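The structure under discussion appears below in the form of structure tokens.
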Amino acid sequence: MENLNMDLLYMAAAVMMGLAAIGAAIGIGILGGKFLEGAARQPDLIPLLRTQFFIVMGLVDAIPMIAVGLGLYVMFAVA
């Protein structure tokens, strides 16, 4: 318990922030990387809206999952 605790909690913010902050990061890279390939054809007025919606949709997905992992992690630092 007292030992597997730090394991679960720590792994919680590592798996949460790792998979989140990076889940979104990589996504923005995948989805964003291919998004432009299609938006390139159309003006940078309409697709720029959706293009941003995604790039941000990801850049925002970390801040929460990360702040949360940071909190749970802070606990690991001090129960």
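In the structure tokens, each chain is lettered A, B, ... as it comes, each chain's residues begin at 1, and ligands are numbered from 1 in order of appearance.
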
key: Shell around segment 49-56 of chain A at 8 Å using only C-alpha atoms, local window under 6 positions removed, as a ChimeraX atom specification   = /A:28,31-32,35-36,39

inquiry  = Please extract the residues of segment 1-52 of chain A with a backbone DSSP assignment of helix (DSSP H, G or I) and present them as a PyMOL selection string.
reply    = chain A and resi 2-39+47-52

query = Which is closer to residue 58 of chain A than all the others in A:11, A:3, A:74, A:22, using only C-alpha atoms?
reply =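 Counting only C-alpha atoms, the residue closest to residue 58 of chain A is A:22.
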
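Residues with any atom within 9 Å of residue 14 of chain A, counting only C-alpha atoms and excluding same-chain neighbours fewer than 6 positions away, are residues 66, 69 and 73 of chain A.
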
inquiry  = One number please: atom CA of residue 6 of chain A to atom CA of residue 79 of chain A, in Å, one decimal.
reply    =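 Distance between the two atoms: 9.2 Å.
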
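Between atom CA of residue 5 of chain A and atom CA of residue 18 of chain A lies a distance of 18.7 Å.
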